[PDB]
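Protein chains in written order, with the numbering used here: chain A, 567 to 890; chain B, 50 to 421; chain C, 3 to 93.
Beta carbons: idealized from backbone N, C-alpha and C, even for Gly.
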Amino acid sequence: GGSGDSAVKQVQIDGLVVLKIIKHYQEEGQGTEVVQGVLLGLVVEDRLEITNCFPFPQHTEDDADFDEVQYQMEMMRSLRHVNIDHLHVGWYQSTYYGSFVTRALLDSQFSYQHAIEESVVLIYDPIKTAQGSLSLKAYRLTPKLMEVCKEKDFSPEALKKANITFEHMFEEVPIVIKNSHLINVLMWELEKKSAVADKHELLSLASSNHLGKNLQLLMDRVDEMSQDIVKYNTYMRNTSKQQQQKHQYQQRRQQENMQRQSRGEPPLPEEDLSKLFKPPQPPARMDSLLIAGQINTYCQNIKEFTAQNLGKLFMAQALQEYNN
Amino acid sequence: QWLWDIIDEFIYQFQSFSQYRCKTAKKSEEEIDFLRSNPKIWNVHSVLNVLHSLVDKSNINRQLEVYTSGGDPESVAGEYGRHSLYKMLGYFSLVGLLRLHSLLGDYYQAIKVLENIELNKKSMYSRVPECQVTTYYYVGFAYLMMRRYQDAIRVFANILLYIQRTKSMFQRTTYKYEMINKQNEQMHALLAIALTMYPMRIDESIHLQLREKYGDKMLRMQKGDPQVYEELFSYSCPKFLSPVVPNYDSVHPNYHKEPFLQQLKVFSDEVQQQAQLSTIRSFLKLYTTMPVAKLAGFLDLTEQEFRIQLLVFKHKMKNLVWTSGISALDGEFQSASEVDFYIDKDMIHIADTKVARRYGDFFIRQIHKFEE
Amino acid sequence: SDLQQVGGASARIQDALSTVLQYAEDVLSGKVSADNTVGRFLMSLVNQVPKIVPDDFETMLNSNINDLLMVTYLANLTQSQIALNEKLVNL
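Spelled out as structure tokens, the structure:
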């Protein structure tokens, strides 16, 4: 069966949903980190059928401030009046660049997952990651992390919870592998489209050649990836060096000094012994930055892997066509 | 007292173990499947066969140095122990390769090399990484004794690099791990002196500060030295025969000395001849094609005064280093210049970086399986 | 890979189609609609891929395959260095 961890089940996403997401695209604000909207569905055979979606339209330009409650309330009144009810089983984003996890969206996922166990977060990565294997990714969060929710904090919370061990590279649910039995209408369309509509099919394919000759796509994606890898790794490397200089370097000199002082005073305290050792801000375990870092480096490694897979087959095709 | 007495205690044990092994292991599947089924550990059996070979070889060298003619050790080890262990069935597992690895290591130290055509043809079992490293160690020495510099360096490079995908663990290296790595390095350095200019393929196996150090020595040896050859000979002969252990210096014994004198001559005469060829191989093939004045400048470089230049130039060319055409009419000497290439190793390195990440992914996941 | 299989499936249809188009001319009379028309389609393919033909250009292509392989090799090394950093900070 399609059951995963806790009570969860594998995702079944309609092609109608994909077309509704594509209409609300990735333009009218290309660079802007807008989380696009919610996913609606229901518990079915072996799986979750994701039947619908709607966007959440915020104050978007380059800026993108949050928006009113009654838009969601009137939309979820309106949606019920046409079909079923507001059974909200996840949320979705594209949005700018190739796959990345901006940190407060992890907290947003953590808050959503504490409320609903049966939930999947959907990331859509097409031409902006070079389209490009694994173009739809559906991810759930770990039960041990959810079980100890709330919270993570800076070093309290985290030091106790992360030293019980929680998984964080976690379940990705596989999407299409059988018929939905809704294909029927699209199948009747297919034999005609083709047909005497051949002009449309041929033009759509021909757009690819224009895109592929014009765009510097392998260099372009490598430059944004190189920029991304250096940003996150330099942030993590300075963060680790800051904790190490507090964990090891302070304590080493404190033991150096405490051994020189020698370290027990028998008629009365122990004044400067009492002064010694008080926590710096990291004494251990800045996991809220670290775990979010590792999820982003895993996303970066996936982008390296998809870029390598594109390069393997392009090198093969280039060599194969020339030599005969 | 003590040191010799311990050798007898080991010989008494090894002879008794051989008498037991020669007796049981052609019928005793009752003994054997009781051994297969009961335990939950297995690596001890590999260690004992290797440990016995190292201890026996350490014991044999001391006896042979002290008693330098007409005594028992080589025949009693050869005829009874090594030949009986060679001639019986291999225990199912890699145990037949382990017995062959001692036999080959004894055969190597007695310099009676030839039977590798037989040994390789009977060694058709899977080379699980440790048995690849042992086989390569002996094969590199066999190629070196055969004077196959091109072949020996490739085999030595693999075990010097040590990325053979070994997974040991459980003290199997053992007690000489550093020494075995330098024993491979020492031969690899000697092979590099013979072969260079052409590799281009030393960077894989020998790290840069040792490529620097043997490069100074190699350039000086082919320009003037004496002392680099003296240094190279004294370090190398120590490692070439693999005697495992010395005895103890004193005024009164001769013995070990007769030992050492035989070892020095045999390595000296061959290495001296090879060193002279390496110096002939030193001068660059700066252009393919030489008219008489360029040939005369090569003769001037080759030797002077005066008498007999061209005659010894025929011999120096026909050692190996010059394949060429001559025209008597046009006065021009026509040769090729040998060539080699690079960006070879990177294709191997992309495979082993993938293995290195995967081994680390396996290790963290194995540790993680205890905190589930 | 799915696109490469669609392209090979299409190329095999072209081999079968051109075989039928020629054989129609051999049998009695055929190919009139497929004359300088198909000869322009096949040229349109050939002018784009492989572009031109000489030794200079295939040598340039093989040099680019080595650079693309070098970038791919370095991407394995970056991912392994990220793994070396990963393996140090998860013990």
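Query	Result
Residue 115 (chain B) versus residue 303 (chain B) - alpha carbon distance	8 Å
Limits of the beta strand (DSSP E) - the one that residue 657 (chain A) falls within	654-659
Alpha carbon of residue 627 (chain A) to alpha carbon of residue 662 (chain A), nearest angstrom	13 Å
Cα-Cα separation, residue 653 (chain A) to residue 83 (chain C)	44 Å
Three-state secondary structure assigned by DSSP to residue 725 (chain A)	helix
Cross-strand partners of residue 58 (chain B) (DSSP beta bridge)	DSSP, once it has assigned bridges, lists no residue as partnering residue 58 (chain B).
Terminal residues of the alpha helix (DSSP H) in which residue 859 (chain A) lies	853-888
Extent of the continuous alpha helix (DSSP H) run through residue 818 (chain A)	816-827
Min CB distance residue 49 (chain C) to chain A below 9 Å	no
Beta-carbon neighbours of residue 409 (chain B), restricted to chain C and to distances below 7 Å	85 and 89
is_contact[residue 324 (chain B), chain C] using C-beta, thresh 9 Å	no
Residue 72 (chain C) versus residue 734 (chain A): straight-line alpha-carbon distance, rounded	32 Å
Where residue 619 (chain A) sits in the DSSP three-state scheme	strand
Pairwise C-alpha distance: residue 64 (chain C) and residue 785 (chain A)	18 Å
Nearest candidate by alpha-carbon position, reference residue 311 (chain B), set B:159, B:212 and B:278	B:159
Closest residue to residue 267 (chain B) among B:244, B:253, B:252 and B:254 (Cα-Cα distance)	B:244
contact_flag[the segment 855-871 of chain A, the segment 42-58 of chain C] where n(CB pairs < 8 Å) is 3 or more	no
N- and C-terminal bounds of the beta strand (DSSP E) containing residue 222 (chain B)	Unbroken run through residue 222 (chain B): none, as it is neither H nor E.
Completely contained alpha helix (DSSP H) runs for the segment 634-710 of chain A, where each covers 4 or more residues	635-648 and 670-681
Neighbourhood of residue 853 (chain A) by C-beta, 7 Å cutoff - its chain only, sequence neighbours within 5 removed	718, 724 and 728
Beta-carbon neighbours of residue 64 (chain C), restricted to chain B and to distances below 7 Å	Neighbours of residue 64 (chain C) on chain B: none; closest Cβ ~12 Å, over 7 Å.
Bridge partner(s) assigned by DSSP for residue 32 (chain C)	Beta-bridge pairing links residue 32 (chain C) to no other residue.
Local Cβ density within 10 Å of residue 189 (chain B), reported as buried at 16 or more and exposed below that	buried
Coil, strand or helix - residue 340 (chain B) by DSSP	strand
Which listed residue (A:890, A:887 and A:880) has its alpha carbon closest to that of residue 68 (chain C)	A:880
Distance, residue 216 (chain B) Cα to residue 89 (chain B) Cα	18 Å
Simplified DSSP assignment, three categories, for residue 382 (chain B)	strand
Neighbourhood of residue 200 (chain B) by C-beta, 6 Å cutoff - its chain only, sequence neighbours within 5 removed	192
Within 9 Å, strictly: CB atoms of residue 798 (chain A) and residue 866 (chain A)	yes
At least three beta-carbon pairs within less than 8 Å, the segment 635-651 of chain A to the segment 664-676 of chain A	no
Under 9 Å (Cβ pairs) to chain C, residues found in the segment 801-825 of chain A	802, 803 and 806
Contact check, residue 180 (chain B) vs residue 209 (chain B), beta carbons under 9 Å	no
Neighbour flag for residue 795 (chain A) against chain C, beta carbons, 9 Å	yes
Cβ-Cβ distance between residue 184 (chain B) and residue 150 (chain B) below 9 Å	yes
Residue 254 (chain B) (DSSP reduced to helix, strand or coil)	coil
Any non-hydrogen atom of the ligand MN within 8 Å of residue 87 (chain C) CB	This structure lacks the ligand MN, and indeed carries no ligand of any kind.
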